[PDB]
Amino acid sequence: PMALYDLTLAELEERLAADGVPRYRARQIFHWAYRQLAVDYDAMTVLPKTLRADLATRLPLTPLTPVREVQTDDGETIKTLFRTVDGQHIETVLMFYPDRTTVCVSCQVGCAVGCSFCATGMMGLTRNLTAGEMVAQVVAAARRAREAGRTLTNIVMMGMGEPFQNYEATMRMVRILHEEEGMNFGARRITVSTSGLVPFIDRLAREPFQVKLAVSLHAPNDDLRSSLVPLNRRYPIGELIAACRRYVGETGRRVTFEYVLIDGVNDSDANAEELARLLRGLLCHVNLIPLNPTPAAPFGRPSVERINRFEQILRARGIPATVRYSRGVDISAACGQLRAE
């Protein structure tokens, strides 16, 4: 079971040739699927009708069915629910900014890591998504952006799931989107975020694609971090930071750290000072994310005054840091809120 979106251009050429179809048809299919954002094969008028039928039967265009869309009152954040072929659901979020248009993509149905503040983790892991199911979210978002006068410019792997527990499929998505005859999507426009699977940071450092790396940290010591991120028991904070230092050494590229701020948990002045010591000298940037509400929510968000003080401490120690209030809270589309209904 493959969809069109699972294949590189070369793989599609070889699949067509095995069926006696000219290899040149592969570039035409990529043009119509990715530049024209075709909704179905019958939209690809350049292809013979019989070939459109063979493709529809043997190589379905997309593996996702859109079910529902909701947007914020200002229309700048749009969340879509999709159904998979096996009857599961995932969500995507499309964000309109002044100078860019970004899709937040899911990489798994659920998540196995179980971070204590994340609603996705509360559902557990159903299965990894295929590369085609990730590409499908990007194509749908690019089509929706075009309706708003926009071209999709950026992708963030910050929806449901842990990308480094689905590493091969995530990198296949990057490769397919990079195809010049398809979406022609530069790797620098894609951010991959991880809760901190050390060996895959080392692997990412050696990939030919210059994706941006984000690491979800949330605490500056092991005792605290393990209470929030169960993966820290397996890949502890010292090993995680060492891997980030090696990544910068190999690539010369900045690491972005995410730090969710939680009232009375990880938001003290002493926590900020310890974080600055932990990150000393590293080429990095810290995004401070005030906790978003979830149904369970034993935890709360700190005051504005506490959030601003934490940011002030980091900056004073030479660590670039920005508070980022998530978009889409009013439609349950913010970081940590995706439950797929």
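From 1 onward, residues are counted along the sequence shown.
- 293-301 and 38-46 differ in mean CA B-factor, and the higher of the two is recorded for 293-301.
- Set 202-210 against 82-90 and average the Cα temperature factors; 202-210 ends up higher.
- Each of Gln137, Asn166, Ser193, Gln71 has a CA temperature factor in the record; the biggest one is found at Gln71.
- The top Cα temperature factor in the record, among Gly252, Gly132, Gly124, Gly161, falls on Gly252.
- When all modelled residues of the chain are sorted by CA temperature factor, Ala33 is found within the lowest third.
- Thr65 sits in the middle third of its chain by CA B factor, as recorded in the PDB entry.
- Placement of the Cα temperature factor of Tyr97 within the chain: highest third of the modelled residues, per the deposited record.
- In the PDB entry, a CA B factor belonging to the middle third of its chain's modelled residues is recorded for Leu9.
- Among the modelled residues of the chain, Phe117 sits in the highest third by CA temperature factor in this PDB entry.
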